[PDB]
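**Student:** below you'll find the sequence and an experimental structure to go with it.
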Amino acid sequence: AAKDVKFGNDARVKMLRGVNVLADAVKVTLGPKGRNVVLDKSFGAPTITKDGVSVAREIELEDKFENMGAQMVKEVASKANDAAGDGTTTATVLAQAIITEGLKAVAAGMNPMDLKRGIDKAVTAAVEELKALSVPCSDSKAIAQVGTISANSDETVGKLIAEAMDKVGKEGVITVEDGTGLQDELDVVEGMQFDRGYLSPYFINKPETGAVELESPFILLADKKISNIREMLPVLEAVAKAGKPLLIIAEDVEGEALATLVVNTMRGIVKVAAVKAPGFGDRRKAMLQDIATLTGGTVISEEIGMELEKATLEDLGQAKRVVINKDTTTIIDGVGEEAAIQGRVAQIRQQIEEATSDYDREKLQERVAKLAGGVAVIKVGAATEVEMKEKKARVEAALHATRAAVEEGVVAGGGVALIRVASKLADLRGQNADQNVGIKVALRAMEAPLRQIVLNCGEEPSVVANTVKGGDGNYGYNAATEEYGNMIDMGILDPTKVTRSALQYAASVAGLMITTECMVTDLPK
Amino acid sequence: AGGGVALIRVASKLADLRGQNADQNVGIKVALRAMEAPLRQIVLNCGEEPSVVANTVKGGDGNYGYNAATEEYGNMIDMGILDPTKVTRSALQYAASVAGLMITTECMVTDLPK
Amino acid sequence: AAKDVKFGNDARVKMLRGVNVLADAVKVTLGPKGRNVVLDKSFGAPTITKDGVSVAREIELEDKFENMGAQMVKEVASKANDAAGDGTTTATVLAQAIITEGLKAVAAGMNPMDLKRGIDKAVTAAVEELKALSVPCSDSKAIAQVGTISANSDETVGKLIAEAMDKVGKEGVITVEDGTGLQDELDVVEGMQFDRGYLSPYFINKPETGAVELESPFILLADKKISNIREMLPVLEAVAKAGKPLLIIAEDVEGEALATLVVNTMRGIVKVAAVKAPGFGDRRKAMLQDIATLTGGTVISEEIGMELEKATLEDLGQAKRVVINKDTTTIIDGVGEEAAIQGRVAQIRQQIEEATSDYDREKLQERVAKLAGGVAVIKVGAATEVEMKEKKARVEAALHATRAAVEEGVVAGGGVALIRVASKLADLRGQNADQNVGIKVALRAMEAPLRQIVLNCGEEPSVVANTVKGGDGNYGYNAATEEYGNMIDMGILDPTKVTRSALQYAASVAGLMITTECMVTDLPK
Amino acid sequence: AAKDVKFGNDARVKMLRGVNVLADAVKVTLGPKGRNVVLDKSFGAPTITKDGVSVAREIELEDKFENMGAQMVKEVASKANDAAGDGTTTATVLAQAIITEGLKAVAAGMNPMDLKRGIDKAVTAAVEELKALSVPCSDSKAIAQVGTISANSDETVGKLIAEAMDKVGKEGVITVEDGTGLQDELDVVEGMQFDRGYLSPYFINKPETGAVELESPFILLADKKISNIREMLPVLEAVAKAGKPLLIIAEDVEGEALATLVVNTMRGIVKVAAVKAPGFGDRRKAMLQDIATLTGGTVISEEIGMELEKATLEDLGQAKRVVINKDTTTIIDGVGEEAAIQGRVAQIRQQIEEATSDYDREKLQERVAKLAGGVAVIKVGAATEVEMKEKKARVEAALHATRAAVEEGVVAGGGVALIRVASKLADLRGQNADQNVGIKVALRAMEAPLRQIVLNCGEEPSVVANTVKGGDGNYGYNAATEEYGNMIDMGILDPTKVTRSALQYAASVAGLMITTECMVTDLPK
């Protein structure tokens, strides 16, 4: 209906002022000396937290425009978390910094399109100057130190992780279950994991992690699209019995039978979830077959004349547990006998011999790895339910950030990482003044994360920063101890992956906004 | 020659075209000066005075234009900057259709703001 | 009483918005393709003009602050006119240009104090790059061409001037009287001129020129300060008779007898005017003596026991006409007999022989020059009163601008002068970005004057400027003909002095304003 | 004080809307089928008239700007009347026409400065195309027909004029006095007339004509400026006796003794009036001498040592009547004896023999003419006071318009004159479209005057115009008879001088306004 449209300053100041809220309202839970943000709840008591993520989710403004802004940068930062395991709070505070100075420039008479390049250059450079500091993390000794710092100095964790990776390689699968009663457990089981997520939220039964979890469920393997729920019934009812939930893996599921299951397992009538099959094309119909052998089931395709109506509970796959992120599935321990599995491996092991191309080769070594190096399972320790559910968490967080260190290393955390990088590129230049500025902006805006935590401590950031700059190396300022030194030795660091993601995604958005001339939203009625 | 020149080119030749009464000669000048738009615009999305870039593309001939991306002139065709003819035509005609109708409208009838 | 006080943006935007009026309301009467500005009068018909000066005088805003700004820049430009003979309209439009971009900068985050330096450097440089183009004007042939272009191609004028300067040196005195009936007249008379102005306006009887004029007046020469009007009466009454006005030259005249005469010759009771004696110290009491011999009178000092009460009409000086600018007096043809004058010269001619220092020398060659090379008098031609009063004007304007060419040459007028200069200094830099910008601002702001006249012609300035830049030399754009070429040959030029003054004074102000943080005015009540 | 300033449309629409009143409120009293305009008076009854001049005087609007406009065009039209003897109403309606279409153009996107030229060309052309139709008026037969039509078909007048011109040449002086009792009288007396007006209004004792009249007054002839009223007393009192008024002729009279007499003859204490002497320079001191011999008095200059204090009533000039317009004096019958006058002529008659130049010659034949061909005096007829004062008027109006016919002929009046001219110049063109339009505008705007009178008759002007155009020659439309034919034969015509003046002055103004971008007036407080 009748829209409202704004251009120029207006269209932007709204965006700015709009993000300034999302920012200012998160840049406090920053660091160790971070403050509390109270998030009013409806029924019950307010929620008091310092989790910059939860504080974000609850942001949404009145003025349709301001909101629009604050709703974009909000949307991008969320991506950093999706990749690394943290940073979103950082991203957000970075973005704010660029945008604040960017728009301060644009409106001063400089070209937007250049300021965007100057910025992207200054970044593309700093992203590498950053890969410099990156200090490897390959030996299972250093892996321990990481997980140990991610669990708040709990040595028990660090080891647990290291012991796990040393069983399936730092490129393997790792899951965390619940404990059976004190004494941490660890063992390897036939499993798998592919890059597919849930088809729609709601299936979500654990809004804490933001994913789904089904125990001893049944799996549906059918090659084709599913719209007519009718095809389901003969199986959705054979699965109402035995009282076990169901997982759906097929070419896809559209609006009909989709919005159907989204409601049935919503009232509590047989819980089910679905996700697109793996990959596409001709290799799709093959990968899907592995999952079948892996879970003692059968593939249901139309190419051989099989219908979803003529399928009992025997033709279904089955495992002892499965998880499914926003964009990541993962099967744990399947019924498949080590006979048809070790044999399916032999068939694929030969597919590599009759290899005629490099591509055909790659996608085969991948298919095997996931199928032979099963999955790692860590059952957290214990001593009372309350403590068990707390360690479980610190483990996931640790394991996570660890993985991301193994990949691109780790670097002087706590805000230095950036001030360091950005202190070298002081000579970087572009083609026109309007681009040189697009840079200075991007640098001065990396001094933010630190300058902030130094502020959540009532200590003049003006200085603490100036001083961290007046040196070199991993020399930083420890937020907690209020004394300087080597940030790495002091145990203050973040995987490199994240300090990067946060710097890039922040840049992405800020850019777009600096190069925006028009906004179109509904009318305040 | 795409990227806005196509038009400025054509419209630069027809500088002698005339009609029957002043009120028609003007109906022309209007239509020409309005073809210098598309270019004059992209030249604006680059913060470069369109006033000039246009004037200069006019002060020549052939497929000589201004490359928006490179910020340097030359042969628009060689430089890989072009649009099928069909389109640069369609757009010029349909735009004309409408504008016409509106310029020859004396009455509008719509529901009441309630 | 209760003041209102503003700081920061506020204090400035008011100033800006305040000058934007004074500017935008004068930058139209610019050039040959200039428009008309109507200045409402009370009783009678509106005044229609294109004289950017008259349009200024009538500017004064409501909002005490906006007015404050517009009232400063207004005050400085007026100085250009005072020195050269034009430029004020230019100064004003220049000022606008700097300030508009300066404040656009300050408020963008740059240092004010630097922007001021960057600007002043960019100027101090361009001022010389300008003395380059300056093409001399010493031979009485080129002098003619100037006066001729200042009189709108009237050769008769150009000659008149040249013939005049060739009688008292290009460093002499020149005045324009009224004609006696066709046929231009020219002759030399015993006179003098010193750097002193009226003590207060009002004495002004010709608000057109803005000065005072007294015919066949009496002169008062007394060495001392005058506060008690009582001392005057014995002479102010001997001067009510004979019906001639009176000129006062004494050490000074303070609040008492001053605000006294300011009112007496206001009602029409004996017209009088006063001005500080010449120079100061010991040489003051001497210079003043020359004026006496020069005008057949006597000096009245307290050092010999002379009182202002005991002075008849015989002890008074007398001439046939005197003028007195804002800061310039000038005596024309005095009663002094060529006996005591040619003798006073002989006395001073020797003072130079017994010269012991370079200073003592200088101030003696000056005293003689003014006393020996009397004054030039040009009685304009005729043929009806209406035409006579029109040529008289074109002569003053011409003579004026000429003088200013003789001093610092002439240069490609009509806005090029500047675009030229400012096109070379493209490499000029300072110490910090915030100073480099203080420059770019000052250059881009010199392209204004032209960019404007090109606008009073409906021709895209964007181009006409770009094109005048894309060359070199005195190559410009003729506003009148709408065709390019050599601005000098085409007869389009302004004395160098002025194009300088206007650029400097404009700079002065803009500077101050860019370095202002507080404004203090009365309350809107 | 605090001014208000407007630019662009605003500055103009105000002016337009402002004139539209002055116009619309006068363009009705136009022609023979003209309507009545009621002009409220304070004390008494409203004034009902059709004299577009009187209706103008009483216009002055509220909105400072609209007024400004309506006050300019109002001021220029008044000039037409000053030269010719009519037209002001026409000028005003012309101006309106140009301005209305001009600004309609400017604001449409065309250049103002061009539109002004296009217009001025179209005029400069039409002004001549007009000198075509101009049909001579030299023979005392055609002169009669003119005066006769200017007196509303009263043959008696026409003759009176003709008989008068035939006594002092169509280049002589003619005045209208009051009658002595029926039977028109006519005779020649020693008099003179120069181009000088009253120094300030108020002296005006007959606000009907707008001039001054003194019977059997004394005259003051003094060569010099007069500021100190003191110099007067010894004579202003010798003139209080004898009870006769006084006329002042001197180099000039400034602020002092001026604002002095302006008040003394205001309370009724001895009526006096003053006017600048004739011409300037050296010939001024001579012309003034004639006036002396002419009026049996003596010249009072400072060059021979004469003071205004030492002058009785014998040294004063004297005549039997004098008149003084806005810019025209005129002496009637002086005491000078035909001895010193016929002798002064002989002295000047020789000045011509010893003639060395063409200029010196001219100004001598002029001095004699005015002095030898005295003045004509027409004492209107009678039969009751009321009718006598009515004929007197019709005579002045007639005599006037006649003079103006003798000079530049006469042409098809009643609005055709213009439509005719403007119908030929249909091919006239300029340099750019924006100038061709500046023409079309100026032509279509000449069809106004007619188009209007045709409207004050409820007859579609659309046609009557179209039809007068569709022919040629002096073929027009008679407003009164409502039938066409030869406008000259039908007795419908206006001196050429006026139809010109009105077309030019109207153009002048309209121009200026079309080329105005700024207005500056006081604040509505």
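**Tutor:** In hand now; what should we look at? Residues are numbered from 1 along each chain as shown, chains lettered A, B, ... in the order given.
**Student:** switch to C-alpha atoms for all contacts and neighbour counts from now on
**Tutor:** OK.
**Student:** distance of the closest residue to chain D within the stretch 101-250 of chain A relative to residue C:103?
**Tutor:** Proximity to chain D, evaluated over the stretch 101-250 of chain A using Cα to the nearest Cα, is greatest for residue A:109 at 26.1 Å. Distance of residue A:109 to residue C:103, given as Cα to Cα, to the nearest Å: 12 Å.
**Student:** residue A:403 falls within a helix, correct?
**Tutor:** Yes - under DSSP: H, G, I helix; E, B strand; the rest coil, residue A:403 sits within a helix.
**Student:** that one: what's it in contact with?
**Tutor:** Residues near residue A:403 by Cα atoms under 8 Å, 6 or more residues apart in numbering or on different chains: residue A:170.
**Student:** against chain C, how distant is residue A:432?
**Tutor:** Separation of residue A:432 from chain C (Cα to the nearest Cα, to the nearest Å): 13 Å.
**Student:** quick one: that residue from residue B:43, how far?
**Tutor:** For residue A:432, the distance to residue B:43 - Cα to Cα - is 17 Å.
**Student:** can you check residue A:490 too?
**Tutor:** Residue A:490 is 55 Å from residue B:43, by Cα to Cα.
**Student:** repeat that for residue A:112.
**Tutor:** 14 Å.
**Student:** one more: residue A:378?
**Tutor:** 62 Å.
**Student:** can you list the residues of the stretch 51-200 of chain A near chain B?
**Tutor:** Within the stretch 51-200 of chain A, the positions adjacent to chain B are A:111, A:113 by Cα under 8 Å from any Cα of the partner chain.
**Student:** near chain C, which residues of the stretch 51-200 of chain A?
**Tutor:** Looking at chain C, the residues of the stretch 51-200 of chain A close enough under Cα under 8 Å from any Cα are A:104-105, A:108.
**Student:** rerun that using 6 Å as the cut-off
**Tutor:** A:104, A:108 (Cα under 6 Å from any Cα of the partner chain).
**Student:** tell me the SS of the spatially most central residue of chain A?
**Tutor:** For chain A, the residue nearest the mean C-alpha position is residue A:82 (1.8 Å; Cα atoms, centre = their mean). Under the three-state scheme (three-state DSSP), residue A:82 adopts helix.
**Student:** got the residues of the stretch 101-250 of chain A near chain D?
**Tutor:** By the rule Cα under 6 Å from any Cα, no part of the stretch 101-250 of chain A lies against chain D.
**Student:** so which residues of the stretch 101-250 of chain A form helices?
**Tutor:** Under the criterion DSSP state H, counting those that start in this stretch, the stretch 101-250 of chain A contains helices at A:112-133, A:142-150, A:155-168, A:233-236.
**Student:** which other residues reach the third one?
**Tutor:** Taking contacts as Cα atoms under 6 Å, 6 or more residues apart in numbering or on different chains, the residues outside helix A:155-168 that touch it are A:140, A:144, A:147-148.
**Student:** recalculate using a threshold of 8 Å.
**Tutor:** Residues outside helix A:155-168 that contact it (Cα under 8 Å, 6+ apart): A:140-141, A:143-149, A:151, A:171-172, A:174, A:186, A:188, A:373-376, A:378, A:395, A:398-399.
**Student:** what's the offset of stretch A:297-314 from the middle of its chain?
**Tutor:** Relative to its chain's centre, stretch A:297-314 lies at 35 Å (Cα atoms, centre = their mean, to the nearest Å).
**Student:** for stretch A:503-515, that is, sorry about that
**Tutor:** The answer for stretch A:503-515 is 19 Å, by Cα atoms, centre = their mean.
**Student:** now that stretch - C-alpha only, CSV.
**Tutor:** Taking Å, rounded to 0.1, in the frame of the first residue of the first chain, the C-alpha atoms of stretch A:503-515 are listed here in CSV:
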residue,chain,number,x,y,z
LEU,A,503,36.1,-6.9,10.3
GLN,A,504,34.8,-7.8,6.9
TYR,A,505,31.0,-8.2,7.5
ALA,A,506,31.1,-4.9,9.4
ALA,A,507,32.7,-3.4,6.3
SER,A,508,30.2,-4.9,3.9
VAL,A,509,27.2,-3.2,5.5
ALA,A,510,28.7,0.1,6.3
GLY,A,511,29.6,0.3,2.7
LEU,A,512,26.1,-0.3,1.3
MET,A,513,24.7,2.3,3.6
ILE,A,514,27.3,4.9,2.6
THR,A,515,26.2,4.3,-0.9
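**Student:** who touches that stretch?
**Tutor:** For stretch A:503-515, contacts defined as Cα under 8 Å, 6+ apart pick out A:12, A:15, A:72-73, A:76-77, A:79-80, A:91-92, A:94-96, A:98-99, A:102-103, A:106, A:112-113, A:115-116, A:119-120, A:123.
**Student:** make it 7 Å
**Tutor:** Residues from elsewhere that reach stretch A:503-515, judged by Cα atoms under 7 Å, 6 or more residues apart in numbering or on different chains: A:73, A:76-77, A:91-92, A:94-95, A:98-99, A:102-103, A:112-113, A:116.
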